[PDB]
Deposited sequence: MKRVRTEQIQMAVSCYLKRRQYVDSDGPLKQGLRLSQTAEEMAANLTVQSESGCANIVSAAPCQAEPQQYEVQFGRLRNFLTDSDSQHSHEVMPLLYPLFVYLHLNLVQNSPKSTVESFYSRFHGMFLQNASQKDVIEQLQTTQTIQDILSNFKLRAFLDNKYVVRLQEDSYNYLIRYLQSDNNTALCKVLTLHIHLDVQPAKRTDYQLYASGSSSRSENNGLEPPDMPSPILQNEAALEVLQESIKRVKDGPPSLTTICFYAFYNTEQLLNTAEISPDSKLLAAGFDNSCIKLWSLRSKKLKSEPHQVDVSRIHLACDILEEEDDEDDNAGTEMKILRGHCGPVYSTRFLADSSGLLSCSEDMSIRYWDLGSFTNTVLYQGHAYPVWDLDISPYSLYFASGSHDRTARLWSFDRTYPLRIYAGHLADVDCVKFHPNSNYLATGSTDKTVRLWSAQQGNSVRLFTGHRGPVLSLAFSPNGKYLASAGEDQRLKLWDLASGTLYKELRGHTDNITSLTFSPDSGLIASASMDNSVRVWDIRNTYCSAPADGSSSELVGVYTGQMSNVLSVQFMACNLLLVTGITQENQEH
């Protein structure tokens, strides 16, 4: 009754791998290299796995034994595709030929003689004008038993391969709207097994800029700056978000009929106030609408709008045309901790007290993917530079990299002594940094999934990280009210004032209380935020 040893773990892992037949019938010390790949070979892998099975069999096929239907379904489809006078009815026309051939061929393998002849008679006279297809249409005429299909040469390639068709997204949705309108199960089976539709989209040292908030009084929680460096947003314990204009311009809203931070009685009139030019702008705005302490505010890639999360387990999108909440995403039953947006504003994810993170799109108000597997609160989340992988920190001292599209854990690092609080990817997509209460800064090597570097020196909780646009330097902020920049690149030094010697470049602990944020910009710029008192 004793704690297992380090080697015993490898022993059990090898036993598992052998039992499930993953490695050869010997010590696969040769094996264990395929831990990365390039774009083209990833595409090849995914294409091989895409055709290595059928997405839907059991439910996609009809169960009632009523051969009369095969006529009715095809007849209704033909009638609908005929009277239509749309440009889609064009693009969704070519499908009829593979549909007929495959429906007839499947009738043959199970259908009493009465049905097939009526079928051939009822529709055959529309696949003649073209020459390339008259051949097989006529060939089918003399075919009753299965030996017909196996014997013949042209029927075979049809039977053992799929027919290709090309559609736009709009056209495919045109077919789906009809398919769902009523029982069309037989056609769904044919499309599932035999036809292969293909849908594609239609056509010289650094300089620090610092910011300080004076009158906060234990209420400021977080702050951020937009990419184009024109706005400054902050959240507060008392539910509210305040916005400032960095430039010399003022902020003025435009006409809008509806506002949720307002209450009207039954005896009111919706009127657009005209006594408005009197204002003609201001330097600050208060955004209202959350009913709990706010914990994160993020900008879009193009500074168009703002997104935020709050203790009230809601996520709100703010329109900077009018500085008003206009969308509301509800996908949680517990307070939401963190938030994050993808590089080109395609997705955004959120960690929550419910032990899970969730994927969202800016055009649907309900989650799309769920990443379960952590043992406790998911406190941190960050997208990959390519926007295809997802890292998340948790209070269980673990970090997991996820596959965005598919949604399963691909890596699991361990080694932290306490909960984790931040994450950061280098823009070359090679490393991943993480920091927590342990006061150690670890960079991981994604490809190998092993510790790459460890930095020490901070004496209190580290709560932010960021890389330079050339993976040159990594900046960190701690609860000791300090900002330290680091360099990992080969350039070595001899300055061992503490544990880490050659990486610690600069330290900045001026007159400043708790820090808030750290960023980088185009040219050696490092924006900071926090509160002070003096």
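- Unmodelled regions of the deposited sequence, numbered from residue 1: 204-254, 586-589.
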